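Peer 1: Next up is a structure, given as structure tokens.
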Amino acid sequence: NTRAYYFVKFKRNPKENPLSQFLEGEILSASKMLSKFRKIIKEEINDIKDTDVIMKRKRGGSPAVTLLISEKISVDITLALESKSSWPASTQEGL
Amino acid sequence: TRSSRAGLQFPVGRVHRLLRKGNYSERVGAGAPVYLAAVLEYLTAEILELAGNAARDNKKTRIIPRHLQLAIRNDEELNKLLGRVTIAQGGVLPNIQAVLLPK
Amino acid sequence: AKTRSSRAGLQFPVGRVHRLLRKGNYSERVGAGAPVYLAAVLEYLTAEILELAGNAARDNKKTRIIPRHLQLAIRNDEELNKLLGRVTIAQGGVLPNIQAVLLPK
Amino acid sequence: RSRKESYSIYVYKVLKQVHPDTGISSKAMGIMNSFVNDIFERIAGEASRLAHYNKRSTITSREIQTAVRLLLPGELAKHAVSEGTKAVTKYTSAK
Amino acid sequence: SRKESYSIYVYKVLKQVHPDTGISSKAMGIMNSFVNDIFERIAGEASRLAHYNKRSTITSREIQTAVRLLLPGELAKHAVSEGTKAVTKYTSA
Amino acid sequence: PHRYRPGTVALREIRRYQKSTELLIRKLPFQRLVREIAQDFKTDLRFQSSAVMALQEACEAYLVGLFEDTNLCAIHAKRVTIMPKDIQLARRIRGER
Amino acid sequence: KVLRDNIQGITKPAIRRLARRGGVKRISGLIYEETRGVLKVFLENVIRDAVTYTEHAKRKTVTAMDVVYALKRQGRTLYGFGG
Amino acid sequence: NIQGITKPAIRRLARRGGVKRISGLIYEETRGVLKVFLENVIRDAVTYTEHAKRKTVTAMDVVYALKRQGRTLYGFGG
DNA sequence: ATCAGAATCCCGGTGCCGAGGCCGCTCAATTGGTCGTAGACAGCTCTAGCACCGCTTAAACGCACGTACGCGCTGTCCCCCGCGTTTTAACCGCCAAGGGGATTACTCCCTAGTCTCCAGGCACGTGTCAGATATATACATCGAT
DNA sequence: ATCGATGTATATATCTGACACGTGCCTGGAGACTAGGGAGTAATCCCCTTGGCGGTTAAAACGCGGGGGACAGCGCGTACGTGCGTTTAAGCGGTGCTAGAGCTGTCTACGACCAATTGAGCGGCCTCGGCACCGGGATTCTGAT
């Protein structure tokens, strides 16, 4: 009943959805998704040969990845699921 | 306090002082005295609760060592925890071997 | 003499014992003579066990103290057997001892 | 006029929680007192042995939990672990 | 790149006692565990004796009464003799 | 058929299995028993070979030290055969369950 | 791959041999089931603590030091497996 | 002076233990057993005492002695 | 059965003392705030655990038979038990002596901590000999004959 | 009791893997200073142990007779040991995969530490109840009748 934090369960869908690997039973686990995301980012930024791009250590889940370019730039990359469906029932009287 | 913060009755402060000045390790995580005070309070509540009931059976409103011995030795997993502990003025469990009974 | 072991006439490492007493959290401090004493006691106990075991080996006309011989040394000596009563010894076997009733007449 | 420590009033409060009308005699007081001391020394000794076995320098709630799971027998162990987790969690819930 | 043990010290004691008797590998493991066991016992007893008296240091006095508490009769007497002899010599000169 | 009087082969087997020291419980079935008992505590555990051997040493030491006390109990009742009441008396005196 | 009912791996001659080492001259036929029960109780009581020491070390492999620590806790110290 | 543990007192201990019928030699054996146990426990108590540089064996000394024998004893300020 | 003679259990008035409640104060628990480091997280490496196959062969199984031994039954005797009487020494309360525990103040020396050598110890690698087994041999001994 | 032969123990020849030993590096042990706090030592208080005693009485000790339980002997049936032949699955070796132990760098959270301070806890004190108990009554045991 927090109105803002939700569990995500995939509904029926014929065409297999590539997020199956990230399931924990019937719930899509934020942890495993984040893990794969950060692993991919790290291995890709290690392909940056002539620029020190450093992945900052884990702190939470909302600031999923924080990258440091050279010694002045910082970029926060946040991963988000998109839903085309109706806004969740609770979040109606807003806006 | 700090025991109230955890909803405990046993003093987390004192258990911290004892885990620190007792030379159990160099450092003591601040969440350890809480866990330990809770386990102590749970075991004390268990013992005192079984004890109380036995005293009430002896229609008495005051636990005495005999009642603690009755509680500790009747309960199967409290016995195994204090299997090697003699309780002063405790007596034994009323138990006559079935072969000795009359026939 | 440089090393404390040779200065104390022992063979066990006074220094290693001092370290183990310090980083073992037995007390805030460790007196100077405590490692010396403790290493002397350890050396005496291991000398006793090895002496008895060597004798047990010389009995069976072997030259190497195997575990069997340590077991014979420990069990066949009242005081060690009281010190090591709750001690299993791998490959130790047991003392050869048939109860007095089981033998035929 | 010194200050000798003992768990008298604590055991007393737990009693008044679990039997609001039953008292406890000074000798059974001493027995509960030595029981608290014995169990606490066992648990802390096993926590210390755990820490030194894994070459750590902190007795955290992990070590106390494994000490409880080692000492107290089965059902008592499970319920004590639950009680401790709940207390520690509540302690984290405050500030 | 190190591992602690007593595998060589026990060998020295052996050569000092039985000058021509080897010692197997598993027997060396046994003795290496026996020394550790007696060490943890005497040290734990000395720690208990340090707290029971509200001391802080493990002197030689503590180790001595710990040896008296653990080892049985004649082993206790001989071990205490050896300990005081080694300590006194260390103090000397 | 030629035959020693019963008891003789048991005596020589006592001599023989008290001289030697090799493990007596056959190894692989004990490894399987250890894994089967461990499954009830944490699925998919791996057992260092020497850890399984340490369990086997401890278990054979315990069963031998239990049959010694059992034989003491049985002889105490003017018997030679050991029987489950003997084992249960030994384990009740020792303090076990 | 689950295993089940290997307590019959402690065969009849294996228990007979363990007894003969213990000194027993003549074994009754119901000793085998009681001995298997006793062995299984002991093994559970030791492997529980071995696995607990493991899990606390965050490992997934029961070392021999964990078995030795479990035995030392049960009060049956074992010599000859490191530590 | 061990005879102070009189025959009826050993009888009472055995009653509490649940013993129905007592032989006649149980008394001497029980005096021996008790003397052994007391020798061990008082030896450790006096050891703790001597080490504390005291001269009065106190309750905590006997409690510790019994704990060291493996017979923990609740009830004396442990 | 029954009837009795105690033994035990119930219910109520009664005293005593010990426990439960209150109050004052001192001291340890709490709270910030700072700093160092333990340990967590990840990532690489490679050891060691698991799985599987095929053979050989020792061990386990199954079965049959006989005899030793477990167990029930009976008989005798001695030795605990229970009871009544006589003795003895434990309990208790009191008082006195004084030894030793416990506390405090002061001082010193013993150990922690740190930094700087450097040799004792460990892993590696190697050569050889102690012990297990093979083969042969002398003698104990189990036992049905 | 002789065989004998099964088994045990004694004697020598061979192989080989385990051990005892000879290096190379490295890291932990040792040494010299500094500093400060823990332990020793002396003085003093006062509690608490020991001893002595006198009385009373509950408990111990002693005698005795009798019965009931321990112990030996015998008989009988089963059930355990022993030997063979057949079956099974352990043990060994060899390969192959890889999951996880183990080591290392980085970095941040967390816990030690110190000073202030404030309430929780300990101790002294006192009032009330709760348990022991006595007594009377009622029911239920054990045992001869």
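Residue numbering restarts at 1 for every chain of the structure tokens, chains are lettered A, B, ... in their displayed order, and ligands are numbered from 1 as they appear.
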Considering only C-alpha atoms (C1' of nucleotides), return as number ranges by chain whatever protein or nucleic-acid residues lie within 9 Å of region 30-37 of chain E, sequence-local ones (same chain, fewer than 4 positions apart) excluded.
Peer 2: C: 42-43, 45-46, 49-50, 67, 70, 89-90; E: 5-7, 10, 25-26, 41-42; G: 77-83
Peer 1: I'd like the neighbourhood of residue 62 (chain I) as a PyMOL selection string, where a residue qualifies if any of its atoms comes within 10 Å (using only C-alpha atoms (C1' of nucleotides)), though same-chain residues fewer than 4 positions away should be ignored.
Peer 2: chain J and resi 85-87
Peer 1: Taking only C-alpha atoms into account and nothing else, which residues of chain C lie no more than 12 Å away from chain B? Please answer as a PyMOL selection string.
Peer 2: chain C and resi 22-29
Peer 1: Sorted by chain and rising residue number, which residues of chain J lie within 10 Å of chain H, and what are their closest atom pairs and distances in Å to one decimal, counting only C-alpha atoms (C1' of nucleotides), as a Markdown table?
Peer 2:
```
| residue | atom | partner | partner_atom | distance |
| --- | --- | --- | --- | --- |
| J:49 | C1' | H:56 | CA | 9.0 |
| J:59 | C1' | H:8 | CA | 9.3 |
| J:60 | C1' | H:8 | CA | 7.8 |
| J:61 | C1' | H:7 | CA | 9.8 |
| J:69 | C1' | H:21 | CA | 9.7 |
```
Peer 1: Closest to chain B among J:16, J:140, J:118, J:95, using only C-alpha atoms (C1' of nucleotides)?
Peer 2: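 Result for the nearest residue to chain B: J:118.
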Peer 1: Might you pull out every residue within 9 Å of residue 19 (chain F), with only C-alpha atoms (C1' of nucleotides) counted and same-chain residues fewer than 4 positions away left off, and present them as a VMD selection string?
Peer 2: (chain C and resid 93 to 96) or (chain F and resid 14 to 15) or (chain G and resid 21)
Peer 1: Suppose we keep N, CA, C and O atoms; can you now write the selection as a CSV table (one decimal), in the first residue's frame?
Peer 2:
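Wrote selection_21.csv, looks like this:
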```csv
chain,number,residue,atom,x,y,z
C,93,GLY,N,43.4,-46.4,15.4
C,93,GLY,CA,43.1,-47.7,15.8
C,93,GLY,C,42.7,-47.6,17.3
C,93,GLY,O,42.4,-46.6,17.8
C,94,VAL,N,42.7,-48.8,17.9
C,94,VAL,CA,42.3,-48.9,19.3
C,94,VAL,C,43.3,-49.8,20.0
C,94,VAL,O,44.0,-50.6,19.4
C,95,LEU,N,43.4,-49.7,21.3
C,95,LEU,CA,44.3,-50.6,22.1
C,95,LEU,C,43.8,-52.0,22.0
C,95,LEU,O,42.6,-52.3,22.1
C,96,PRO,N,44.8,-52.9,21.7
C,96,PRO,CA,44.4,-54.3,21.6
C,96,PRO,C,43.9,-54.9,23.0
C,96,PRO,O,44.7,-55.0,23.9
F,14,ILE,N,38.7,-60.4,16.2
F,14,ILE,CA,38.9,-59.3,17.1
F,14,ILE,C,40.4,-59.0,17.1
F,14,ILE,O,40.8,-57.8,17.0
F,15,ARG,N,41.2,-60.0,17.2
F,15,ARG,CA,42.7,-59.8,17.1
F,15,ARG,C,43.0,-59.0,15.8
F,15,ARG,O,43.7,-58.0,15.9
G,21,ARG,N,36.2,-54.7,16.0
G,21,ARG,CA,37.2,-53.8,16.5
G,21,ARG,C,36.9,-53.4,17.9
G,21,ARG,O,37.8,-53.3,18.8
```
Peer 1: Name all residues at most 9 Å from residue 110 (chain J) (count only C-alpha atoms (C1' of nucleotides); drop same-chain ones fewer than 3 positions away) and give them as a list in words.
Peer 2: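 Near residue 110 (chain J), the qualifying residues are residues 29 and 30 of chain B; 38 of chain I.
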Peer 1: Where does chain I meet chain H within 9 Å, residue by residue, with the nearest atom pair and distance in Å to one decimal for each, counting only C-alpha atoms (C1' of nucleotides), listed by chain and rising number, as a tab-separated table?
Peer 2:
```
residue	atom	partner	partner_atom	distance
I:79	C1'	H:24	CA	8.3
I:80	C1'	H:23	CA	7.1
I:81	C1'	H:21	CA	8.9
I:100	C1'	H:55	CA	7.7
I:101	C1'	H:54	CA	8.1
```
Peer 1: Save out the residues we just selected, N, CA and C atoms (P, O5', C5', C4', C3', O3' and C1' of nucleotides), as a PDB file, in the first residue's frame.
Peer 2:
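Below is the file again_32.pdb, written as the result:
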```pdb
ATOM      1  P    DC I  79      25.262 -62.436  52.277  1.00  0.00           P
ATOM      2  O5'  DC I  79      24.526 -61.352  51.369  1.00  0.00           O
ATOM      3  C5'  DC I  79      23.131 -61.465  51.131  1.00  0.00           C
ATOM      4  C4'  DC I  79      22.423 -60.206  51.565  1.00  0.00           C
ATOM      5  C3'  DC I  79      23.197 -59.387  52.563  1.00  0.00           C
ATOM      6  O3'  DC I  79      22.825 -58.046  52.452  1.00  0.00           O
ATOM      7  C1'  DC I  79      21.241 -60.184  53.592  1.00  0.00           C
ATOM      8  P    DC I  80      23.279 -57.157  51.198  1.00  0.00           P
ATOM      9  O5'  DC I  80      21.949 -56.398  50.819  1.00  0.00           O
ATOM     10  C5'  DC I  80      21.308 -55.681  51.811  1.00  0.00           C
ATOM     11  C4'  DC I  80      19.889 -55.363  51.440  1.00  0.00           C
ATOM     12  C3'  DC I  80      19.410 -54.071  52.031  1.00  0.00           C
ATOM     13  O3'  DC I  80      18.243 -53.683  51.411  1.00  0.00           O
ATOM     14  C1'  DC I  80      18.539 -55.871  53.261  1.00  0.00           C
ATOM     15  P    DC I  81      17.710 -52.192  51.605  1.00  0.00           P
ATOM     16  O5'  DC I  81      16.275 -52.408  52.229  1.00  0.00           O
ATOM     17  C5'  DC I  81      15.652 -53.663  52.093  1.00  0.00           C
ATOM     18  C4'  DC I  81      14.359 -53.697  52.859  1.00  0.00           C
ATOM     19  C3'  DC I  81      13.992 -52.388  53.502  1.00  0.00           C
ATOM     20  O3'  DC I  81      12.610 -52.316  53.617  1.00  0.00           O
ATOM     21  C1'  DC I  81      14.465 -53.967  55.185  1.00  0.00           C
ATOM     22  P    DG I 100      45.259 -14.762  57.569  1.00  0.00           P
ATOM     23  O5'  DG I 100      44.394 -14.288  56.332  1.00  0.00           O
ATOM     24  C5'  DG I 100      43.053 -14.676  56.278  1.00  0.00           C
ATOM     25  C4'  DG I 100      42.214 -13.613  55.624  1.00  0.00           C
ATOM     26  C3'  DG I 100      42.804 -13.031  54.354  1.00  0.00           C
ATOM     27  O3'  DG I 100      41.807 -12.964  53.407  1.00  0.00           O
ATOM     28  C1'  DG I 100      42.158 -11.324  55.783  1.00  0.00           C
ATOM     29  P    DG I 101      42.166 -13.147  51.866  1.00  0.00           P
ATOM     30  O5'  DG I 101      40.974 -12.400  51.143  1.00  0.00           O
ATOM     31  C5'  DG I 101      39.672 -12.652  51.554  1.00  0.00           C
ATOM     32  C4'  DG I 101      38.801 -11.434  51.371  1.00  0.00           C
ATOM     33  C3'  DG I 101      38.972 -10.703  50.060  1.00  0.00           C
ATOM     34  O3'  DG I 101      37.724 -10.201  49.675  1.00  0.00           O
ATOM     35  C1'  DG I 101      39.469  -9.243  51.824  1.00  0.00           C
TER      36       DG I 101
END
```
Peer 1: Residues of chain B within 6 Å of chain D, counting only C-alpha atoms, what are they? List them as a PyMOL selection string.
Peer 2: chain B and resi 5-6+10+24-29+31-32+34-35+38-39+61-65+77
Peer 1: Export, as a short mmCIF file (atom, residue, chain, number, x, y, z; two decimals), in the first residue's frame, the selected residues with N, CA and C atoms.
Peer 2:
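See selection_39.cif below for the written result:
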```
data_model
loop_
_atom_site.label_atom_id
_atom_site.label_comp_id
_atom_site.auth_asym_id
_atom_site.auth_seq_id
_atom_site.Cartn_x
_atom_site.Cartn_y
_atom_site.Cartn_z
N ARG B 5 15.24 1.39 21.76
CA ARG B 5 15.25 1.49 20.30
C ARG B 5 14.99 0.15 19.65
N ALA B 6 15.35 -0.94 20.30
CA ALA B 6 15.19 -2.26 19.72
C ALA B 6 14.00 -3.00 20.28
N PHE B 10 16.40 -6.31 27.91
CA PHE B 10 17.77 -6.51 28.32
C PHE B 10 18.63 -5.36 27.83
N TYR B 24 36.52 -10.67 23.32
CA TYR B 24 36.02 -11.64 22.38
C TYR B 24 36.46 -11.35 20.97
N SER B 25 36.71 -10.09 20.65
CA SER B 25 37.36 -9.73 19.41
C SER B 25 37.80 -8.29 19.55
N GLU B 26 38.58 -7.82 18.58
CA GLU B 26 39.05 -6.45 18.67
C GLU B 26 37.91 -5.47 18.50
N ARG B 27 37.01 -5.74 17.57
CA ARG B 27 35.90 -4.85 17.27
C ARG B 27 34.59 -5.58 17.48
N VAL B 28 33.54 -4.81 17.78
CA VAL B 28 32.22 -5.36 18.02
C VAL B 28 31.23 -4.55 17.20
N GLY B 29 30.64 -5.18 16.19
CA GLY B 29 29.68 -4.48 15.37
C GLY B 29 28.53 -3.96 16.21
N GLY B 31 25.58 -3.74 15.71
CA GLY B 31 24.39 -4.54 15.65
C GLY B 31 24.50 -5.86 16.35
N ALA B 32 25.62 -6.12 17.01
CA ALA B 32 25.81 -7.38 17.72
C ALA B 32 25.21 -7.37 19.11
N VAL B 34 22.75 -5.84 20.13
CA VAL B 34 21.30 -5.91 20.00
C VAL B 34 20.85 -7.34 19.78
N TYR B 35 21.46 -8.02 18.81
CA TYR B 35 21.11 -9.40 18.55
C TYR B 35 21.32 -10.26 19.78
N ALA B 38 18.79 -9.60 22.49
CA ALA B 38 17.51 -10.19 22.13
C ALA B 38 17.51 -11.69 22.36
N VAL B 39 18.60 -12.38 22.02
CA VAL B 39 18.62 -13.82 22.23
C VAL B 39 18.60 -14.14 23.72
N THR B 61 2.61 -18.22 43.80
CA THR B 61 2.83 -17.00 43.03
C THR B 61 4.25 -16.50 43.18
N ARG B 62 5.23 -17.39 43.22
CA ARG B 62 6.60 -16.97 43.45
C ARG B 62 7.51 -18.09 42.99
N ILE B 63 8.24 -17.86 41.91
CA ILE B 63 9.16 -18.86 41.39
C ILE B 63 10.26 -19.12 42.41
N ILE B 64 10.62 -20.38 42.59
CA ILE B 64 11.76 -20.75 43.42
C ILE B 64 12.61 -21.69 42.58
N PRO B 65 13.84 -22.00 42.98
CA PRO B 65 14.69 -22.82 42.11
C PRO B 65 14.06 -24.11 41.66
N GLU B 77 14.17 -29.18 24.59
CA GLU B 77 15.27 -28.45 23.99
C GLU B 77 15.88 -27.44 24.93
#
```
Peer 1: Could you list, as a PyMOL selection string, every residue within 7 Å of residue 13 (chain E), counting only C-alpha atoms (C1' of nucleotides) and ignoring same-chain residues fewer than 3 positions away?
Peer 2: (chain C and resi 11+47) or (chain E and resi 9-10+16-17)
